[PDB]
Every structure is written in structure tokens, then in C-alpha cells.
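Next up: just one chain, as C-alpha cells, the form deposited without the ligand.
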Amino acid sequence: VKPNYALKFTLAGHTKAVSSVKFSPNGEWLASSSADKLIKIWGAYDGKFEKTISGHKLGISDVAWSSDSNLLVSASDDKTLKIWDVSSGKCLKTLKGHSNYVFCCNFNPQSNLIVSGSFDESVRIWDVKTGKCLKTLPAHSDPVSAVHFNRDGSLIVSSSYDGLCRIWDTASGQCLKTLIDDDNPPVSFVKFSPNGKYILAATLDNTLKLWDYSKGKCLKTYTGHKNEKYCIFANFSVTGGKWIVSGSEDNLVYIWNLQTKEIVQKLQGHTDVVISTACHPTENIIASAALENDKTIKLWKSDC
């Protein structure tokens, strides 16, 4: 009925605000990106610092893992993405084409494509093997805040400050669905549900919404947290109870019951906006990370 997440570790090392944290698909690692231009890798279970990956010329807004846990991609203010060999820390490829900050990135499940979103209002799709841009989508009329592939990589969902969430056919680059709200708040984050049937979209009016995008139907609204300013990550937690997990501008991590929408836990400890949270693929572990007053990542563990 309610989880009992407790703080296990606080991970310090970044020298500016942290921007995103992501667990490796194999569950061994956490990767973090920062405005400090660095990616850092941490042990998921003991919180032990592992290595720093460097090479971007400006801050990084996002990082994402390949399905084999062997590669990372990062999205930077320097207008590029970089693909990294996790093992060696070496930059394999630099993906060039965006004309403004790259804000968000993700690999497909097959890990042969990367999708990116940028302040240049486009979504791009890249070949992992060659580093070539395969498609540029004129996706939105304002910065693209999030991009995510579904369970088999056949669709991309994008979100933007323009107030829209769009679903795209990966192979053709065609927009299959636009979700709209008559009051048109900026959409600050989106991702598919693990089963691929739903999208979870954050808007800058302190709400998260679960949509059946095929039917154009909003099914659940999660409220009570603070989110009017930043592009904060949200998550489905499915290892124990079925929850929704998000950061918040009141410095807390919020956890809701997915079905009932009840807040079941708030995690206190950070001293700035919790910009990013991530859920461990197999264990009931959450990672959270915070902005400039804080600069730390925390690891939390629950029995359910």
C-alpha cells in the first residue's frame, strides 16, 4: 500500500547543478550528467564513485544508456551529442547537426538509433554505427523538452514548451498523434509507460498526466508537487508497488500510487530543486539529483 524509501547514500562530486541521473539497464551503475560538463559513473548498490567522463565543451542536460550497458549518449549545450564507450570513457562519436542546445536524448531498445531533442525546436534521429543524422523532424515551435522511444523502438514521443506532446513513427518520421490541452501549458517532460500503451506528461502547472495516446484520453492526473519552472524527469516504478515517481521544486521526491493518484511518500533531504529521479530496473531503489544549492545525488531503498 505504501513504500518505505529510506536514504542510503549521498553522492557528491559534480561542481555545478546535476541535470539527469540514469541507472544502467544491467542495474550495476548510475550515470549522472551536470552543468559542469561531466558525466560521472557510480556504483548503484554501494554508491561508490567509479569514473568521470569528459569531453563536452559546455554543460550537459541529459544522458542515456544503450541496452547492453556498454554505451552512453549525452546531450550538451555545445549543440552536440556524444556517444561514449563506458569501459574506456572514450568518445566514440560526436553527433553534429542541431543548431542550439541539445536538451534530451535516448537510445532505442535495439540500440542502433539515438533520438535527440533541442532548443532548435527539432527532433533528430541518429544512426549509432555511423553517427550520421538519419532524419530531422520539424517537431515543435519551441524547445523540445523530452524524447523517448517505446518498448520496441517503433514510436517516439516528444514534448515541448509549445504545449504539445507528439507521437512519431520512427521509421517514417511521421507524426501519428498530437495531444493538446485547451489551456496549453508548457510540456516539460514525457515518456512512454513500460508497456508502451500510455504516455506520462509533465506540464508547468504542477501536474503530471497519464494519457492513453491512441484514444486521446487523459486517464490519471497526479498533483500536489511543485513544478512550474524546470524540466523535471518523472518515472514509472514497477519493481515493487506500481508507483509514479517525480522530482519537485520544493526539494522533495514525490511518490504516487499509479492507480489511485494518492501521494504515498515524499522523500526529504535535498536542499535544492530535485531535477531528476530514476528507478532501478530490478530493485526498489530510487536515485534523485538536485540543482546548484545542493549538487548531490541520493540513493534511496524501499522494501516495496
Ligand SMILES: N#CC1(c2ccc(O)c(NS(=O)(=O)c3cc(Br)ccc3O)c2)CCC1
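Heads up: residue numbers just count along the shown sequence, starting at 1.
The same protein also exists as the form solved in complex with the ligand; that form is not shown, yet it is the one meant from here on.
- Checking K79, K226, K220, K93 against the ligand in the deposited complex, a heavy atom within 4.5 Å turns up for just one residue: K220.
- Of the residues given (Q259, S54, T271, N70), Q259 alone sits with a heavy atom within 4.5 Å of the ligand in the deposited complex.
- Only one segment in the set 241-249, 40-48, 262-270, 24-32 has residues whose heavy atoms sit within 4.5 Å of the ligand in the deposited complex; it is 241-249.
- Using a 4.5 Å cutoff between non-hydrogen atoms, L210 counts as a contact of the ligand in the deposited complex.
- In the deposited complex, the ligand sits within 4.5 Å of a heavy atom of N195.
- Interface membership of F236, defined by any non-hydrogen atom within 4.5 Å of the ligand in the deposited complex, is confirmed.
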